[PDB]
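Colleague: This one is structure.txt, compact mmCIF, N, CA and C atoms.
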# COMPACT_ATOMS: atom_id res chain seq x y z
N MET A 1 0.85 -1.21 0.00
CA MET A 1 0.00 0.00 0.00
C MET A 1 0.89 1.26 0.00
N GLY A 2 1.15 1.80 -1.20
CA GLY A 2 1.96 3.01 -1.38
C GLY A 2 1.38 3.92 -2.45
N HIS A 3 0.04 3.90 -2.58
CA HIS A 3 -0.68 4.71 -3.57
C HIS A 3 -1.97 5.25 -2.94
N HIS A 4 -2.29 6.52 -3.22
CA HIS A 4 -3.52 7.18 -2.75
C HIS A 4 -4.57 7.15 -3.86
N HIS A 5 -5.80 6.70 -3.52
CA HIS A 5 -6.93 6.62 -4.47
C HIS A 5 -7.38 8.02 -4.91
N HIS A 6 -7.20 9.00 -4.02
CA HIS A 6 -7.59 10.38 -4.26
C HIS A 6 -6.49 11.12 -5.04
N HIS A 7 -6.61 11.05 -6.38
CA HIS A 7 -5.72 11.74 -7.34
C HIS A 7 -6.42 13.01 -7.87
N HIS A 8 -5.65 13.84 -8.59
CA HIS A 8 -6.16 15.10 -9.19
C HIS A 8 -6.89 14.82 -10.51
N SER A 9 -6.47 13.75 -11.22
CA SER A 9 -7.07 13.33 -12.50
C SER A 9 -8.45 12.66 -12.30
N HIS A 10 -8.78 12.29 -11.04
CA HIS A 10 -10.03 11.60 -10.69
C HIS A 10 -10.65 12.25 -9.45
N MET A 11 -11.84 12.87 -9.60
CA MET A 11 -12.59 13.51 -8.47
C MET A 11 -14.10 13.18 -8.54
N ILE A 12 -14.49 12.30 -9.47
CA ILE A 12 -15.90 11.86 -9.62
C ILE A 12 -16.11 10.66 -8.67
N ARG A 13 -17.00 10.83 -7.66
CA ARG A 13 -17.20 9.86 -6.54
C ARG A 13 -15.98 9.88 -5.58
N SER A 14 -16.18 9.36 -4.34
CA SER A 14 -15.10 9.12 -3.36
C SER A 14 -14.55 10.45 -2.80
N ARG A 15 -15.36 11.53 -2.90
CA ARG A 15 -14.94 12.90 -2.54
C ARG A 15 -14.88 13.10 -1.03
N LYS A 16 -14.05 14.07 -0.63
CA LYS A 16 -14.00 14.60 0.73
C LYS A 16 -14.37 16.07 0.69
N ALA A 17 -15.01 16.54 1.76
CA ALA A 17 -15.32 17.96 1.97
C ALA A 17 -15.08 18.29 3.43
N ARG A 18 -14.50 19.46 3.69
CA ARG A 18 -14.32 19.98 5.04
C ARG A 18 -15.25 21.17 5.23
N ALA A 19 -16.14 21.07 6.22
CA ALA A 19 -17.07 22.13 6.57
C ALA A 19 -16.30 23.39 6.98
N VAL A 20 -16.42 24.46 6.18
CA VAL A 20 -15.78 25.76 6.45
C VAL A 20 -16.77 26.70 7.18
N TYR A 21 -18.08 26.40 7.07
CA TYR A 21 -19.15 27.07 7.83
C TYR A 21 -19.98 26.00 8.57
N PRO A 22 -20.51 26.30 9.81
CA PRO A 22 -21.37 25.35 10.54
C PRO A 22 -22.84 25.37 10.03
N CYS A 23 -23.44 24.17 9.90
CA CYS A 23 -24.85 23.99 9.50
C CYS A 23 -25.65 23.45 10.68
N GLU A 24 -26.34 24.33 11.41
CA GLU A 24 -27.27 23.94 12.48
C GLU A 24 -28.63 23.66 11.80
N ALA A 25 -28.82 22.42 11.32
CA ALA A 25 -29.98 22.03 10.49
C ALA A 25 -31.19 21.65 11.36
N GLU A 26 -32.41 21.84 10.81
CA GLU A 26 -33.68 21.68 11.55
C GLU A 26 -34.45 20.42 11.12
N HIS A 27 -34.11 19.87 9.94
CA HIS A 27 -34.77 18.68 9.36
C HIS A 27 -33.83 17.46 9.43
N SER A 28 -34.44 16.26 9.59
CA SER A 28 -33.74 14.97 9.78
C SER A 28 -32.77 14.64 8.63
N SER A 29 -33.24 14.88 7.39
CA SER A 29 -32.47 14.57 6.17
C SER A 29 -31.18 15.41 6.10
N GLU A 30 -31.28 16.67 6.54
CA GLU A 30 -30.17 17.62 6.52
C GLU A 30 -29.15 17.25 7.61
N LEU A 31 -27.87 17.12 7.24
CA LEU A 31 -26.79 16.90 8.21
C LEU A 31 -26.44 18.21 8.94
N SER A 32 -26.49 18.14 10.26
CA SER A 32 -25.98 19.20 11.15
C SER A 32 -24.49 18.93 11.43
N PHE A 33 -23.69 20.02 11.51
CA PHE A 33 -22.23 19.93 11.64
C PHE A 33 -21.62 21.29 12.00
N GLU A 34 -20.36 21.23 12.46
CA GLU A 34 -19.53 22.40 12.77
C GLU A 34 -18.34 22.46 11.80
N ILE A 35 -17.55 23.53 11.90
CA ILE A 35 -16.34 23.74 11.09
C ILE A 35 -15.28 22.66 11.42
N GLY A 36 -14.73 22.04 10.36
CA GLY A 36 -13.71 21.00 10.49
C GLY A 36 -14.23 19.63 10.07
N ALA A 37 -15.57 19.45 10.17
CA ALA A 37 -16.26 18.18 9.88
C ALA A 37 -15.97 17.70 8.46
N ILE A 38 -15.28 16.57 8.36
CA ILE A 38 -14.97 15.91 7.08
C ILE A 38 -16.15 14.99 6.68
N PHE A 39 -16.47 14.95 5.37
CA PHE A 39 -17.56 14.12 4.82
C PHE A 39 -16.99 13.15 3.79
N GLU A 40 -17.44 11.88 3.83
CA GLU A 40 -16.94 10.82 2.94
C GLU A 40 -17.93 10.56 1.80
N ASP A 41 -17.38 10.44 0.58
CA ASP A 41 -18.13 10.33 -0.69
C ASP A 41 -19.16 11.48 -0.83
N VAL A 42 -18.65 12.69 -1.03
CA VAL A 42 -19.48 13.88 -1.26
C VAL A 42 -19.84 13.97 -2.75
N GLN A 43 -21.13 13.94 -3.05
CA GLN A 43 -21.65 13.97 -4.43
C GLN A 43 -22.80 14.97 -4.50
N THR A 44 -23.20 15.35 -5.71
CA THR A 44 -24.28 16.32 -5.93
C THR A 44 -25.65 15.70 -5.56
N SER A 45 -26.51 16.49 -4.90
CA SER A 45 -27.87 16.07 -4.52
C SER A 45 -28.89 16.48 -5.60
N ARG A 46 -30.12 16.00 -5.45
CA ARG A 46 -31.27 16.38 -6.30
C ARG A 46 -31.87 17.72 -5.84
N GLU A 47 -31.59 18.11 -4.58
CA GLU A 47 -31.89 19.45 -4.04
C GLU A 47 -30.84 20.47 -4.56
N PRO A 48 -31.28 21.64 -5.12
CA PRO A 48 -30.37 22.59 -5.82
C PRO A 48 -29.39 23.30 -4.85
N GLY A 49 -28.07 23.11 -5.09
CA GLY A 49 -27.02 23.70 -4.24
C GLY A 49 -26.75 22.90 -2.97
N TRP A 50 -27.31 21.68 -2.89
CA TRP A 50 -27.07 20.75 -1.77
C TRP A 50 -26.24 19.56 -2.26
N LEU A 51 -25.51 18.94 -1.34
CA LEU A 51 -24.65 17.77 -1.60
C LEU A 51 -25.07 16.66 -0.63
N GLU A 52 -24.78 15.41 -0.97
CA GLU A 52 -24.97 14.25 -0.08
C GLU A 52 -23.61 13.59 0.16
N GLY A 53 -23.29 13.41 1.44
CA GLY A 53 -22.02 12.86 1.89
C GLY A 53 -22.18 12.29 3.28
N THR A 54 -21.25 11.44 3.72
CA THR A 54 -21.40 10.65 4.94
C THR A 54 -20.68 11.36 6.11
N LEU A 55 -21.37 11.49 7.24
CA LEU A 55 -20.89 12.18 8.44
C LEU A 55 -21.29 11.34 9.66
N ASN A 56 -20.27 10.78 10.35
CA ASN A 56 -20.42 9.95 11.58
C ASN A 56 -21.14 8.61 11.29
N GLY A 57 -21.31 8.28 9.99
CA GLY A 57 -22.02 7.08 9.55
C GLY A 57 -23.38 7.38 8.92
N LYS A 58 -23.69 8.68 8.68
CA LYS A 58 -25.00 9.11 8.12
C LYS A 58 -24.83 10.02 6.90
N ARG A 59 -25.52 9.71 5.80
CA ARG A 59 -25.55 10.57 4.61
C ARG A 59 -26.81 11.46 4.66
N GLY A 60 -26.72 12.67 4.09
CA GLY A 60 -27.87 13.58 4.01
C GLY A 60 -27.53 14.89 3.34
N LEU A 61 -28.44 15.87 3.48
CA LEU A 61 -28.31 17.20 2.87
C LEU A 61 -27.23 18.03 3.57
N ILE A 62 -26.22 18.38 2.79
CA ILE A 62 -25.10 19.21 3.19
C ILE A 62 -25.14 20.49 2.33
N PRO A 63 -25.07 21.71 2.94
CA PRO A 63 -24.93 22.95 2.16
C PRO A 63 -23.53 23.02 1.48
N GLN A 64 -23.55 23.08 0.14
CA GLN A 64 -22.35 23.11 -0.73
C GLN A 64 -21.43 24.31 -0.40
N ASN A 65 -22.08 25.44 -0.09
CA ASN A 65 -21.43 26.70 0.32
C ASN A 65 -20.74 26.57 1.69
N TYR A 66 -21.27 25.68 2.55
CA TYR A 66 -20.75 25.47 3.93
C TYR A 66 -19.58 24.48 3.96
N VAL A 67 -19.29 23.82 2.82
CA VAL A 67 -18.21 22.81 2.73
C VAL A 67 -17.28 23.09 1.55
N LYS A 68 -16.01 22.68 1.68
CA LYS A 68 -14.98 22.93 0.66
C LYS A 68 -14.29 21.59 0.34
N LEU A 69 -14.49 21.09 -0.90
CA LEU A 69 -13.98 19.79 -1.36
C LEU A 69 -12.44 19.74 -1.25
N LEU A 70 -11.94 18.80 -0.43
CA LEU A 70 -10.50 18.62 -0.21
C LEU A 70 -9.82 18.10 -1.50
With the file now loaded, output its structure as structure tokens.

Modeller:
Amino acid sequence: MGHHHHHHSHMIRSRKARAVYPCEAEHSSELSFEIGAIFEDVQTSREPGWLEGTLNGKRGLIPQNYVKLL
């Protein structure tokens, strides 16, 4: 194991995002989080300007503006 799957030539699926703004969400589907929170497999949602990615073992609505793809 001496190779990283996360290359610059490949960013479709398997994405990471670091929350740069906190999302204190009110609905179950929406992920609540603070600054620093990393998300696994961040992809585009069907909701406009929202993303779906895994946080603490749960996927849901993440504000795209509140996160920055690593």

Colleague: Near residue 41 in chain A, counting only C-alpha atoms, which residues have an atom at most 12 Å away, once you skip same-chain residues fewer than 6 positions from it, shown as a count of residues only?

Modeller: 21

Colleague: Could you pull out the strand (DSSP E) residues of chain A, going by DSSP on the backbone, and write them as a list in words?

Modeller: residues 16, 17, 18, 19, 38, 39, 40, 41, 42, 43, 44, 50, 51, 52, 53, 54, 55, 58, 59, 60, 61, 62, 63, 67, 68 and 69 of chain A

Colleague: Up to 10 Å from (-19.7, 28.1, -1.1) in the file's coordinates: name the residues, counting only C-alpha atoms, as a ChimeraX atom specification.

Modeller: /A:20-21,49,63-68

Colleague: Given only N, CA and C atoms as the basis, pick out the residue of A:7, A:1, A:50, A:61 nearest to residue 29 in chain A.

Modeller: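 Smallest distance to residue 29 in chain A is found for A:61.
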
Colleague: Measuring between all atoms listed in the file, which one of A:48, A:9, A:56, A:19 shows the shortest distance to residue 34 in chain A?

Modeller: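 Counting all atoms listed in the file, the residue closest to residue 34 in chain A is A:19.
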
Colleague: What's the separation between CA of residue 35 in chain A and CA of residue 4 in chain A, in Å to one decimal place?

Modeller: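 Straight-line distance from CA of residue 35 in chain A to CA of residue 4 in chain A works out to 25.1 Å.
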
Colleague: For residue 23 in chain A, list every protein, DNA or RNA residue within 6 Å, evaluated using only C-alpha atoms, and leave out those in the same chain fewer than 2 positions away; present the list as a PDB file with N, CA and C atoms, in the coordinates of the input.

Modeller:
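Produced file out_8.pdb, reproduced below:
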ATOM      1  N   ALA A  25     -28.820  22.420  11.320  1.00  0.00           N
ATOM      2  CA  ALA A  25     -29.980  22.030  10.490  1.00  0.00           C
ATOM      3  C   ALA A  25     -31.190  21.650  11.360  1.00  0.00           C
ATOM      4  N   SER A  32     -26.490  18.140  10.260  1.00  0.00           N
ATOM      5  CA  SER A  32     -25.980  19.200  11.150  1.00  0.00           C
ATOM      6  C   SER A  32     -24.490  18.930  11.430  1.00  0.00           C
ATOM      7  N   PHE A  33     -23.690  20.020  11.510  1.00  0.00           N
ATOM      8  CA  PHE A  33     -22.230  19.930  11.640  1.00  0.00           C
ATOM      9  C   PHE A  33     -21.620  21.290  12.000  1.00  0.00           C
TER      10      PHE A  33
END

Colleague: What's the separation between CA of residue 22 in chain A and CA of residue 10 in chain A, in Å to one decimal place?

Modeller: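 These atoms are spaced 27.7 Å apart.
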
Colleague: Using Å and a single decimal, report how far atom C of residue 37 in chain A sits from CA of residue 8 in chain A.

Modeller: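 Between CA of residue 8 in chain A and atom C of residue 37 in chain A the gap works out to 20.4 Å.
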
Colleague: Padding of 5 Å on every side, edges along x, y and z, all listed atoms of range 58-70 of chain A included: what centre and edge lengths in Å, to one decimal, does that box have, as AutoDock Vina command-line options?

Modeller:
--center_x -19.1 --center_y 17.7 --center_z 3.6 --size_x 28.6 --size_y 28.0 --size_z 20.2

Colleague: Would you fill out range 39-57 of chain A with N, CA, C and O atoms and return it as a PDB file, in the frame of the given file?

Modeller:
ATOM      1  N   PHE A  39     -16.470  14.950   5.370  1.00  0.00           N
ATOM      2  CA  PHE A  39     -17.560  14.120   4.820  1.00  0.00           C
ATOM      3  C   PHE A  39     -16.990  13.150   3.790  1.00  0.00           C
ATOM      4  O   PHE A  39     -16.136  13.543   2.981  1.00  0.00           O
ATOM      5  N   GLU A  40     -17.440  11.880   3.830  1.00  0.00           N
ATOM      6  CA  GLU A  40     -16.940  10.820   2.940  1.00  0.00           C
ATOM      7  C   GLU A  40     -17.930  10.560   1.800  1.00  0.00           C
ATOM      8  O   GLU A  40     -19.146  10.441   2.025  1.00  0.00           O
ATOM      9  N   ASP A  41     -17.380  10.440   0.580  1.00  0.00           N
ATOM     10  CA  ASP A  41     -18.130  10.330  -0.690  1.00  0.00           C
ATOM     11  C   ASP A  41     -19.160  11.480  -0.830  1.00  0.00           C
ATOM     12  O   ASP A  41     -20.365  11.291  -0.641  1.00  0.00           O
ATOM     13  N   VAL A  42     -18.650  12.690  -1.030  1.00  0.00           N
ATOM     14  CA  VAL A  42     -19.480  13.880  -1.260  1.00  0.00           C
ATOM     15  C   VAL A  42     -19.840  13.970  -2.750  1.00  0.00           C
ATOM     16  O   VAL A  42     -18.957  14.056  -3.601  1.00  0.00           O
ATOM     17  N   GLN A  43     -21.130  13.940  -3.050  1.00  0.00           N
ATOM     18  CA  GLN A  43     -21.650  13.970  -4.430  1.00  0.00           C
ATOM     19  C   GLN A  43     -22.800  14.970  -4.500  1.00  0.00           C
ATOM     20  O   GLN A  43     -23.318  15.386  -3.461  1.00  0.00           O
ATOM     21  N   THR A  44     -23.200  15.350  -5.710  1.00  0.00           N
ATOM     22  CA  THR A  44     -24.280  16.320  -5.930  1.00  0.00           C
ATOM     23  C   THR A  44     -25.650  15.700  -5.560  1.00  0.00           C
ATOM     24  O   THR A  44     -25.903  14.532  -5.856  1.00  0.00           O
ATOM     25  N   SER A  45     -26.510  16.490  -4.900  1.00  0.00           N
ATOM     26  CA  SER A  45     -27.870  16.070  -4.520  1.00  0.00           C
ATOM     27  C   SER A  45     -28.890  16.480  -5.600  1.00  0.00           C
ATOM     28  O   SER A  45     -28.546  17.196  -6.561  1.00  0.00           O
ATOM     29  N   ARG A  46     -30.120  16.000  -5.450  1.00  0.00           N
ATOM     30  CA  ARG A  46     -31.270  16.380  -6.300  1.00  0.00           C
ATOM     31  C   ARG A  46     -31.870  17.720  -5.840  1.00  0.00           C
ATOM     32  O   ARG A  46     -32.577  18.390  -6.605  1.00  0.00           O
ATOM     33  N   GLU A  47     -31.590  18.110  -4.580  1.00  0.00           N
ATOM     34  CA  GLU A  47     -31.890  19.450  -4.040  1.00  0.00           C
ATOM     35  C   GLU A  47     -30.840  20.470  -4.560  1.00  0.00           C
ATOM     36  O   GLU A  47     -29.647  20.220  -4.413  1.00  0.00           O
ATOM     37  N   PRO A  48     -31.280  21.640  -5.120  1.00  0.00           N
ATOM     38  CA  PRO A  48     -30.370  22.590  -5.820  1.00  0.00           C
ATOM     39  C   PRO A  48     -29.390  23.300  -4.850  1.00  0.00           C
ATOM     40  O   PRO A  48     -29.812  23.960  -3.896  1.00  0.00           O
ATOM     41  N   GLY A  49     -28.070  23.110  -5.090  1.00  0.00           N
ATOM     42  CA  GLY A  49     -27.020  23.700  -4.240  1.00  0.00           C
ATOM     43  C   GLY A  49     -26.750  22.900  -2.970  1.00  0.00           C
ATOM     44  O   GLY A  49     -26.037  23.374  -2.080  1.00  0.00           O
ATOM     45  N   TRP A  50     -27.310  21.680  -2.890  1.00  0.00           N
ATOM     46  CA  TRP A  50     -27.070  20.750  -1.770  1.00  0.00           C
ATOM     47  C   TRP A  50     -26.240  19.560  -2.260  1.00  0.00           C
ATOM     48  O   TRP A  50     -26.271  19.215  -3.448  1.00  0.00           O
ATOM     49  N   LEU A  51     -25.510  18.940  -1.340  1.00  0.00           N
ATOM     50  CA  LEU A  51     -24.650  17.770  -1.600  1.00  0.00           C
ATOM     51  C   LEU A  51     -25.070  16.660  -0.630  1.00  0.00           C
ATOM     52  O   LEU A  51     -25.694  16.930   0.393  1.00  0.00           O
ATOM     53  N   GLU A  52     -24.780  15.410  -0.970  1.00  0.00           N
ATOM     54  CA  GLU A  52     -24.970  14.250  -0.080  1.00  0.00           C
ATOM     55  C   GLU A  52     -23.610  13.590   0.160  1.00  0.00           C
ATOM     56  O   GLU A  52     -22.909  13.227  -0.789  1.00  0.00           O
ATOM     57  N   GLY A  53     -23.290  13.410   1.440  1.00  0.00           N
ATOM     58  CA  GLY A  53     -22.020  12.860   1.890  1.00  0.00           C
ATOM     59  C   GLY A  53     -22.180  12.290   3.280  1.00  0.00           C
ATOM     60  O   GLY A  53     -23.124  12.653   3.984  1.00  0.00           O
ATOM     61  N   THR A  54     -21.250  11.440   3.720  1.00  0.00           N
ATOM     62  CA  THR A  54     -21.400  10.650   4.940  1.00  0.00           C
ATOM     63  C   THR A  54     -20.680  11.360   6.110  1.00  0.00           C
ATOM     64  O   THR A  54     -19.530  11.770   5.968  1.00  0.00           O
ATOM     65  N   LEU A  55     -21.370  11.490   7.240  1.00  0.00           N
ATOM     66  CA  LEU A  55     -20.890  12.180   8.440  1.00  0.00           C
ATOM     67  C   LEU A  55     -21.290  11.340   9.660  1.00  0.00           C
ATOM     68  O   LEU A  55     -22.487  11.160   9.920  1.00  0.00           O
ATOM     69  N   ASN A  56     -20.270  10.780  10.350  1.00  0.00           N
ATOM     70  CA  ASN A  56     -20.420   9.950  11.580  1.00  0.00           C
ATOM     71  C   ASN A  56     -21.140   8.610  11.290  1.00  0.00           C
ATOM     72  O   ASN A  56     -21.504   7.879  12.229  1.00  0.00           O
ATOM     73  N   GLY A  57     -21.310   8.280   9.990  1.00  0.00           N
ATOM     74  CA  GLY A  57     -22.020   7.080   9.550  1.00  0.00           C
ATOM     75  C   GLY A  57     -23.380   7.380   8.920  1.00  0.00           C
ATOM     76  O   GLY A  57     -24.142   6.453   8.633  1.00  0.00           O
TER      77      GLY A  57
END
